[PDB]
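> Chains as they are written, first to last, in the deposited numbering: chain M, 155 to 205; chain F, 9 to 195, 205 to 487; chain E, 23 to 616. Idealized CB from N, CA, C, for every residue including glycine. Would you mind keeping the following structure in view while I ask a few things?
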Amino acid sequence: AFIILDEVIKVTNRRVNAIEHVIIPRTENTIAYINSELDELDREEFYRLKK
Amino acid sequence: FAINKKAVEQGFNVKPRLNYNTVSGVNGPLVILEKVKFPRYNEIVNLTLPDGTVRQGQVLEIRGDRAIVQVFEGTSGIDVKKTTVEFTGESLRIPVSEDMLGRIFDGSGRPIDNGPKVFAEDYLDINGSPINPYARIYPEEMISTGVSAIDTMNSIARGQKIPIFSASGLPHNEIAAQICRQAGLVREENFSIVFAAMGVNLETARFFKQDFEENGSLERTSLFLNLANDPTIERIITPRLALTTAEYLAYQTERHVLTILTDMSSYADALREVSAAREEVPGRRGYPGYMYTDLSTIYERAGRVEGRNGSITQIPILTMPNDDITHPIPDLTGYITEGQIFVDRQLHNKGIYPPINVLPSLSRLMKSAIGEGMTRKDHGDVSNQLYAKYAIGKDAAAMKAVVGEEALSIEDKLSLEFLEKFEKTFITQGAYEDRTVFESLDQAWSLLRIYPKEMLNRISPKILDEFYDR
Amino acid sequence: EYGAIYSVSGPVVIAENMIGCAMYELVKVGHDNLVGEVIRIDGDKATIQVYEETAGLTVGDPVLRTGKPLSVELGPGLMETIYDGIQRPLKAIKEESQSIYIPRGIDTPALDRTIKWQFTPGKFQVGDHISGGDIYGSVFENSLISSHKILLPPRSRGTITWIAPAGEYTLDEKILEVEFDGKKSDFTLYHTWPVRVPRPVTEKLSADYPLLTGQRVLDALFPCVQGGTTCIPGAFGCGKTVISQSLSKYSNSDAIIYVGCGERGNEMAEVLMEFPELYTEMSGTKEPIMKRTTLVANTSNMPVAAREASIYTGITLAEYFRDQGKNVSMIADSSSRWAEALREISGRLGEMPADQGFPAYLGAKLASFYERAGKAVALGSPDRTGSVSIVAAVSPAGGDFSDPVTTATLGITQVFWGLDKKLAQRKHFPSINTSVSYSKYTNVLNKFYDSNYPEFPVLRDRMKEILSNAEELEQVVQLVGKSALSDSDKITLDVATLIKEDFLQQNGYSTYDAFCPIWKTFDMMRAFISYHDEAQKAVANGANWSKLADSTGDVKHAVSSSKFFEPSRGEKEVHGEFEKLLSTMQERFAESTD
């Protein structure tokens, strides 16, 4: 039981660390980039309509 | 004498100028005249509000017998029945002379130090003209700034144009002050300074003034100050005046100028401000399309020339809006300038001064700078090895933080130790701690000895044999 | 006859009383006769784009006409000199003015009109029949180019009535007369041609000869054919200047036309004073390179409009040299600057924009410009052959690969050399993203390869799959670690790192690492693949790779250091050295693995 618990907790802890330190930053940077692009499009659309 | 005199004999050429009274339109920062006789593109006019105050401005468009004058100091209060516009008949120009040194000027270049008007030697158009490439020589001499992070892995040559990226709330001002205080050559002291700040708070201006006072250098420099309270449109003029003075000094007096602009971000903001006033096509993030060309015009006054012994060097300071390199301002600035020095947050958050990282820094003129007659052959290889090991240490630290210490090979722990020692001792230095290239490189050798000799790859065997042993 | 200015807005000028004006006709404006180009015509008025600074212009200034479009003067003397964007020699301007700036409105002949050339007649005699594109004599130009063929301009044909004899002439002499219906024809050593009209040609062809570049990765994985096109994106830090300079220097082209559209400018001085001492041995020996180049420099500081005509002038000159039968190879510096100039002009003109503010015809313009490249057979009797191979270098704004200009270019070009930023930051100087970068002339080149190196194609794919597998395993090992890794996977990762550190790194400063012939790279990558194959065979036969690698030892160092062999030693001595290294490595794996 000791061995099994040790290996299981090691695996889960490293997985949690990897998720926290990799996934969330990677996705939120993309979120910001997408927001920036969608904000960019409307600017030129408004310019064209103004013209 | 006679040669010089013939170039000035045309001064005695009095010419009356006509002042109209037909202001027939106004909106935003623009004023529209009518029934003007033979306009002249991009000239200077002097308005006179009904209360007697006079503002300046230049025409930007010429339709059939009507000029769209643009005003600098706002347009509020302009009357249509009493105002009187006047034409100088010539483009914008400023006086110049070697006596400007030790004086302080406002954004428009008039003295603000209680002194008299400059006893001009001649007048010059602010915009200047390009330099044909055939009359240009790239530099091959290294300046010694004393800052190890610069003078080791990113050298500076007399003639380069190296911007200093930065973020709001960091000690870029102190870095610039230290550089100007330690602007000596590797090896007189002709380094005149034409510091020209636009859109800055009062404390920055006073700090710069005191810093110049303490080093006994004010008598060797000129100041172009333009604080925030001043009009925005006028902002875009100061750098041109500064560069005009710098080039005059460096190409008609054989001096060695050293210009340090600041907050080009504010200049770009002013460009956006009076660019959206009109309806010209926007670029990215609402910025003007031709900002690239304008910034090229501003920056492309650098380097040495054929005949003149004089030189010039630009160290503009940028302010990234939200700590993004991909912002258009730094994008174009990097596209133009020759390498740059960078600053990070975490290093500053870690109390490390000067908080300079080197991974994103770059300098093209290093190849011509380093060599034998100025430094030891090892110079370049040492820097390359430092780059490689620093990057490996960074990635190893990231991976270790991810997984743990179990998978970190011996080399990984060595890289972590090297990174720690590097960032803790190699970069850190005092506010008045100089470091000539020789001692800095000697100290740098200490950090690499931690590594076993064989693994060192990017360094040639001769350097290892002749230097590693000691 | 004359016209008066009617409105000015920076670089655009609108005149009036302009009735006989055509579209795109060249015009001179101002009291200093600044050059322009009519664009749109509306009754009396006609819009003009100005090719110089417009400061101090006043309404009422006279406007002239020329009745002919923009054109460039070809002929002897073009080469070894430096021109601005509108075909003006630069050294002559500086010497004549004794200044450091460019005096607005200054005019000089395109080609020197004083020097004399040792002309020799061709093979035609009075009474013969000739047509456009036939040679009628050679001219001595330089030790590197002994024969500077002179040509009959296209769209001009007849029968020669009088010819000049051998001797020394200036290019103003009328050395040939052609008798058409009338005798209205005279021809000196030079002529002109409208830039916007591509030069005629007998017929195009298929390029099947590699354009050697001297770069290991470029020549190995993404070969460029002599006659095609390429593209080199960047992020203002990738250091693309290195490959441009290296290919302009050590390539096997007969001539090269470097053109700078919106450059830092200082690089022009760098190349100016760097080339004059770098010798080539293509013909004879020791001839300095500067006798093999023509520079069309236009710094970003100089007026916006000239950035348009600069590339047209460059491509036209390249076509002219190609027509002589010499495999010229033009190279641009920054196409994005051209698009920026076009966008600025369009916006100022006041017209509806397109994607990201750019006009709508930019894609068509880019396609038309790129189409001019390609191998072909000259137009004339001698039946000479030439080729052109342009190499553009786009520069996006945000550093990504989604801006309109890059997307438009990628639909036209057929070779893609993307440049990463992080790899450059790591000083892995030939930083090429081997994931997205691709070539398209791979299959066709087999005709050359089988004749010269039959085994190369299989080996390149071997390395490609090795790298792909390493990149596929990197993320899993990062997210898990080496705990769940088999020996073969570790072997693959180690060899991938070895390749990335040895076969992909280069530096154009070491004598041995400045130019890698085809044979050297062939043998080196052969050795790499053989090493990996022997390691895989041994581990499959059974052995702990952790134990095996330490014993293997010095052979890994030997293959890593193989690149240090001096290129051009014997071309066969190095071949024997590679053979011996392979044999000893195989013996080591036979025994060390045991």
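From the DSSP output, in three-state form, read off E:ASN529 for me.
The answer is coil: DSSP assigns E:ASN529 none of H, G, I, E or B.
> Spell out a yes or no on whether the stretch 296-309 of chain E and the stretch 54-62 of chain E are touching, meaning 3 or more CB-CB pairs, one atom from each, closer than 8 Å.
The stretch 296-309 of chain E makes no contact with the stretch 54-62 of chain E; the number of CB pairs closer than 8 Å stays below 3.
> Using a beta-carbon distance below 8 Å, is E:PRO375 in contact with chain M?
At least one chain M Cβ lies under 8 Å of E:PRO375.
> Is it true that the CB of E:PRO375 sits closer than 8 Å to the CB of residue 619 of chain E?
No answer is possible for residue 619 of chain E: the residues shown for chain E start at 23 and end at 616.
> Under 8 Å between beta-carbons, which chain F residues line up against residue 247 of chain M? List them in chain order, please.
Residue numbering for chain M in the displayed model covers 155 to 205; residue 247 of chain M lies beyond these limits and cannot be assessed.
> Just checking: is the beta-carbon of M:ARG202 within a distance shorter than 8 Å of some beta-carbon in chain F?
no
> Applying a beta-carbon distance threshold of less than 9 Å, which residues of chain E neighbour M:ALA172?
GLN500, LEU501 and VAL502
> So what's E:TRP567 in DSSP terms, helix, strand or just coil?
helix
> Buried or exposed: which applies to E:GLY189, given that a residue is buried once 16 or more other Cβ atoms fall within 10 Å of its Cβ?
exposed
> Measure the Cβ-Cβ separation of F:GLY136 and F:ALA319 and say whether it is below 8 Å.
no
> By the 10 Å Cβ neighbour count, where 16 or more other Cβ atoms means buried, how is E:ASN288 classified, buried or exposed?
buried
> When the cut-off is 8 Å and only beta carbons count, does F:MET472 lie next to chain E?
At a cut-off of 8 Å, the C-beta of F:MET472 has no neighbouring C-beta in chain E.
> Using alpha carbons as the reference points, say which of F:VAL22, F:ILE70 and F:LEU109 lies closest to F:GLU42.
F:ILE70
> Expressed to the nearest angstrom, what Euclidean distance is found between the alpha-carbon atoms of E:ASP442 and F:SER234?
44 Å
> Reducing DSSP to helix, strand and coil, say where E:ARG218 ends up.
coil
> The alpha helix (DSSP H) with M:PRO179 in it runs from where to where?
178-204
> Find out if the Cβ-Cβ distance for the pair F:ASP395, F:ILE480 is shorter than 8 Å.
Cβ atoms of F:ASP395 and F:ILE480: closer than 8 Å.
> Show which residues of chain F have a CB atom less than 9 Å away from the CB atom of E:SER390.
Those do not exist, as E:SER390 stays about 23 Å from chain F at its closest Cβ, beyond 9 Å.
> Between which residues of its own chain and E:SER275 is the CB-CB distance below 7 Å, once the five residues before and five after are set aside?
The answer, listed in chain order, is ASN349, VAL350 and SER351.
> Assuming F:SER174 contacts F:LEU382 under a Cβ cut-off of 8 Å, what Cβ separation, rounded to an integer in Å, is found between them?
About 21 Å; that fails the 8 Å criterion.
> According to DSSP, simplified to helix, strand and coil, what is E:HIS151?
Correct three-state label for E:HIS151: strand.
> Could you pull the start and end residues of the alpha helix (DSSP H) that E:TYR342 belongs to?
If you look at E:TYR342, you'll find it in the alpha helix (DSSP H) that goes 328-345.
> For F:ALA267, which residues from the same chain have a beta carbon less than 8 Å from its beta carbon, with the 5 sequence-adjacent residues on both sides left out?
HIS273, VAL274, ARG325, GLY327, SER328 and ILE329
> Along the beta strand (DSSP E) that carries F:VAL217, what are the first and last residues, could you check?
213-217
> Using CA atoms only, rank isn't needed, just tell me which of E:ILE265, E:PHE525, E:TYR475 and E:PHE586 is closest to E:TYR534.
The shortest Cα separation from E:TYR534 among E:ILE265, E:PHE525, E:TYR475 and E:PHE586 belongs to E:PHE586.
> Run down chain C in chain order and give the residues with a C-beta less than 7 Å from the C-beta of M:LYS205.
Among the protein chains in the structure shown, which are M, F and E, there is no chain C.
> Using C-beta distances below 8 Å, list every residue in its chain close to E:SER29, excluding the 5 sequence neighbours before and after it, in chain order.
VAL35, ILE36 and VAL81
> Spell out whether any CB of chain F is found under 8 Å from the CB atom of E:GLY107.
Residue-level contact check: E:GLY107 does not touch chain F, since none of the beta carbons of chain F fall below 8 Å from its beta carbon.
> Relative to the alpha-carbon of E:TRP541, which residue among E:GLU599, E:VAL399 and E:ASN563 has its alpha-carbon at the smallest distance?
E:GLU599
> By a C-beta neighbour count over all protein chains shown, 10 Å radius and 16 as the cutoff for buried, is E:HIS554 buried or exposed?
With 16 or more other CB atoms across the displayed protein chains lying within 10 angstroms of its CB, E:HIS554 is buried.
> Cutting at 7 Å between CB atoms, please list the residues of its own chain near residue 196 of chain F, excluding the five before and the five after it.
The structure shown gives no position for residue 196 of chain F: in chain F, residue numbering passes from 195 to 205 with nothing in between.
> Beta carbon of F:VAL31, beta carbon of F:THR96: below 8 Å?
In this structure, F:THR96 does not lie closer than 8 Å to F:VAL31 by Cβ.
> Among F:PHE455, F:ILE353, F:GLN446 and F:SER426, which one has its Cα closest to the Cα of E:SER505?
Here the closest residue by C-alpha is F:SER426.
> Which residue comes first and which comes last in the alpha helix (DSSP H) that contains residue 632 of chain E?
One cannot answer for residue 632 of chain E here, as it falls past the ends of chain E, which runs 23 to 616.
> Taking 7 Å as the limit between beta carbons, can you name the residues of its chain near F:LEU240, skipping five residues before and five after?
Cβ within range, chain order: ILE112, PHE113 and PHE212.
> In chain F, what lies closer than 7 Å to M:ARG197 by C-beta?
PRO299 and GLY303
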